[PDB]
Amino acid sequence: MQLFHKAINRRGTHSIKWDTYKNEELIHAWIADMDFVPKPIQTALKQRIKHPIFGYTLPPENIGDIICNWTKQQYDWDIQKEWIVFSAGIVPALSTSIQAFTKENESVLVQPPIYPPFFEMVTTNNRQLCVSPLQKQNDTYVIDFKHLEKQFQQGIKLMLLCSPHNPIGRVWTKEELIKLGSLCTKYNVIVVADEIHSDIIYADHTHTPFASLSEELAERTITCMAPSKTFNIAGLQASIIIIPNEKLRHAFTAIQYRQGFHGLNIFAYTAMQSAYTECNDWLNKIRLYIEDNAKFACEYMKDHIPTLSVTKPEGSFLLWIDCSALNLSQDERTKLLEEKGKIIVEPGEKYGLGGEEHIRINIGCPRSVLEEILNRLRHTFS
Amino acid sequence: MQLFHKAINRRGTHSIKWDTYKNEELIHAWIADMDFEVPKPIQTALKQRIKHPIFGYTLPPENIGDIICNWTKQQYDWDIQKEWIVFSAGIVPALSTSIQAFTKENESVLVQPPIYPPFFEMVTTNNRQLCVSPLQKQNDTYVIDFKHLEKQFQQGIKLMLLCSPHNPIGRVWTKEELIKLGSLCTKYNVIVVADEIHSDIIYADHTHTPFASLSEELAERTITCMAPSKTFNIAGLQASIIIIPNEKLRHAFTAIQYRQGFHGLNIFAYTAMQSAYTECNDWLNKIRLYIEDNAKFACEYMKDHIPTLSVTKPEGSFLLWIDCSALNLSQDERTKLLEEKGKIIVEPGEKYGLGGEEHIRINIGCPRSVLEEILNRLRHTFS
């Protein structure tokens, strides 16, 4: 309980959240790393350094079962060791997938509002970017399956599924994924399942890995998972990509190979060793801190900033806030946020359709700091 | 001092060096990382940052840009601008990025064998036309057949991969050799990617010349790749420095990495490389003198003890290029004998292109103890 009350000085660690701006007054609620690493990981790093050579390394011989135990323990999902491919980050895994399974000018589908690199790795690779925006319903979000099918029909070859979905916190139901999977089989669509928030699911929700539902879906899906957001080690660049389809996996690794890829750095393996073995109770406690943090913020906004709409999150530590009642431009919202509130939130307009007049804030903070964020929002717009 | 005589037990450390095969007497002389511990200031730099127990996304160190310009000026008399510096998680991804940025499919990329195999792999796996200009074994070493090299340039070469110092033959190119190379690249508009990852281990009678350093013309048509990985045994930290003076080429390079989702080095590449170019000077000058002494030890040892094998004299790096053709044995009957009779796996020359056949390469970046034993095992194998 007394582990996560920790306000931590992250100024002067060259961290992208706190060291880009140097007005000391600012609070940065926009980037997606936590204000929290479990002790067994930092202990693991000190141990590895005790051997003073840092040359080329293979993945540790025990990493494959560690990973196969991790998926089965956490999602009741059984994987084969030979399905596992390493990636020094998930965004390169998307770009690799775009290159591996689509040709130039072919259609890549995404579901906005969505983490912008979904947009960027498509267009910067000359693939045609297609969208099927999500629909705001029941004060949360749903998939417009009719619109989605219409898009699949125009020749979509590849879809990027974000699950849990950044920035809206949707944790997809088993049934939603089965309706979607049925559409990918119908139109033979390969799915990249960005499931990097796989492990921060709130109490009343269950992460269902898309590939886990059926052998059909498994043979058409590239699953991207990682302890980076989960354990706050994003700067170490450790991701796990799971491709049961051997033929898809080979074409995936051939893209990596021609890009000079030779596996993760030494500390990415070490960290991921400890992350998936020696940190279970830290993760159980960190889930309840954030979920309880979420409920605090939504209660705060009803009592204190009633001008503001909030998507009820179901996983990860991001909070999606609709500001449309303020009837404010992005420019006049952002500038007011920095000048009057002394805070940098995440602007929603860069997330595509349905991001406009929204902001996002990071609730991966000690509660105290969340108090400070909520108070400033309140002061900002009223 | 007693820094480099300490043999290190690195089987059971998941490093590619001693963990491929699991028969313990075996020596695997084929890996090109050294058997020397990282300088203590690097281990201290790593321990220091680990005291801050968060490891999120981090920006490059605000002082890294002047550190690198200080490094290039100090080590090679090369003045560079901070904005030329581009980061890369290793040299091979920088070889590939350069191919994708500056040549289209089927356009011709030339390499000079015998050469490090990734030079070929990134050309062919990238669907570019592979051309060659093999080096010539001349006066006990290797030289460039400039007339052949030119004959290829006339046939439309768009990009050249220069490795300098040359892995595995150890050649540190003279300014005069490189000046002749540059003038040919200007004439036929060849872009040069300069593999200079070995720039910092040069022996006593030789000087490393950055190709881009010679002239402004050559700087604006050259991508120079550098790294502390080989110099200080931190390859697994995946830290490289790419210096692209031409603004238009630099944007085309950065544009390829960006579309491949690249977002810069890991936290410990930044930490480690800072110390490498600041707090490790005296560790390096000892290690260049150590390796040179090992290199001078291997070539007279085999001359006096294993006369069946010719040895190209190295001028830099910690690799040694050994001509075995006098046995006149195939690759398999060489590899087989080396493991059963000598209990040793060396790096096979045949995968190095023309000039690789019946050559082997051993790593001499090891304590003398092991180099004795390797040469000793070489002796028994071939005699």
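Determination of this PDB entry was carried out by X-ray crystallography to a resolution of 2.28 Å, according to the record.

Caption draft 1: Examining the sheet that holds strand β3 (residues 108–111) of chain B more closely. Residue and element names in this part refer to chain B. What the 7 strands build is an open sheet, ordered β2-β10-β9-β8-β7-β3-β4; its pairing is mixed. Looking at strand neighbours, the two that pair on one side only are β2 (85–88) and β4 (129–132), the edges of this open sheet. Across the sheet, the mean angle separating the axes of adjacent strands is 25° when strand polarity is ignored. Sheet analysis places β2 next to strand β10 (residues 240–243), joined by 4 bridges and oriented antiparallel.

Caption draft 2: Summary view of the state of the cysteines. Residues and elements named next belong to chain B. Within the structure shown, the criterion is met by 0 disulfides over all chains. With no disulfide of its own, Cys324 lies closest to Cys299 among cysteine sulfurs, the gap being 14 Å. Of the residues examined, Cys324 reaches a relative accessible area of 3% and is grouped as buried. Here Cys366 stays unpaired: no disulfide links it, and the sulfur of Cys299, its closest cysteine neighbor, is 13 Å away. On the basis of relative accessibility, which here comes to 2%, the residue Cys366 falls in the buried class.

Caption draft 3: Examining the domain arrangement of chain B more closely. All names here are of chain B. Looking at the assigned domains, one finds that chain B contains domain 1 (27–40 + 281–382) and domain 2 (55–276). Between domain 1 and domain 2, the residue contacts involve 34 residues of the former and 32 residues of the latter. Here domain 1 and domain 2 share an interface that buries about 2,900 Å² over both sides, 56% of which is from carbon and sulfur atoms. One can count 2 salt bridges joining domain 1 with domain 2. As a salt-bridge pair, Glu315 and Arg171 come within 2.9 Å of each other at their nearest N and O atoms. Scanning the region where domain 1 abuts domain 2 turns up 17 residue pairs in polar contact. Only α11 (281–305), β11 (310–312), β12 (319–323) and β15 (359–363) provide two or more residues apiece to the side of domain 1 that touches domain 2.

Caption draft 4: Fine view of the sheet that holds strand β9 (residues 221–225) of chain A. Residues and elements named next belong to chain A. Strand order in the open sheet formed by 7 strands is β2-β10-β9-β8-β7-β3-β4, with mixed pairing between adjacent strands. What marks the edges here is a single partner per strand, and that holds for β2 (84–87) and β4 (128–131). Across the sheet, the axes of successive neighbouring strands diverge by a mean angle of 25°, strand direction being ignored. Sheet strands touched by helix α9 (residues 246–258): β2, β8 (190–194), β9 and β10 (239–242). Its angle to β2, the strand with the most contacts, is close to 25°.

Caption draft 5: Geometry of the pattern of salt bridges. Per the stated rule, a full pass over the model turns up 38 salt bridges over all chains. Within the structure, one salt-bridge network assembled from shared partners comprises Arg10, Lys17, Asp33 and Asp35 of chain A.

Caption draft 6: Representation of the interface of chain A and chain B within the structure. The interface of chain A with chain B comprises 56 residues on the first partner and 52 residues on the second. Around 4,900 Å² of area is buried between chain A and chain B when both sides are counted, 61% of it from carbon and sulfur atoms. Among the residues of chain A in contact with chain B, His14, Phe54 and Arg258 of chain A are the three that bury the most area, contributing 13% of the side total. Across the chain A-chain B interface, the total number found is 2 salt bridges. Ionic pairing is found between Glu62 of chain B and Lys22 of chain A, a salt bridge with its closest N-O pair at 2.9 Å. Our count for the chain A to chain B interface comes out at 31 residue pairs in polar contact. Elements with a minimum of two residues in the side of chain A that touches chain B: α1 (39–49), α3 (90–101), α4 (117–123), α9 and α10 (266–275) of chain A.

The rules we used
Residues numbered from 1 in each chain as written, not as in the entry; some residues may be left out. Chains lettered and ligands numbered in written order. Heavy atoms only, no water. Pairing = 2+ DSSP bridges. Helix = DSSP H or I, 4+ residues; strand = E, 2+ residues; numbered from the N terminus. Axes fitted to C-alpha atoms, helices over the stretch in contact; angles between N-to-C directions. Disulfide = S-S within 2.5 Å. Buried < 20%, exposed > 50% of the residue type's maximum accessible area, 1.4 Å probe, protein only. Domains from an automatic or database assignment. Contact = heavy atoms within 4.5 Å. Buried area = accessible area lost by both parts, 1.4 Å probe. Salt bridge = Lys/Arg side-chain N within 4 Å of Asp/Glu carboxyl O. Polar contact = N/O pair within 3.5 Å; in protein donor to acceptor, adjacent residues only side chain to side chain.

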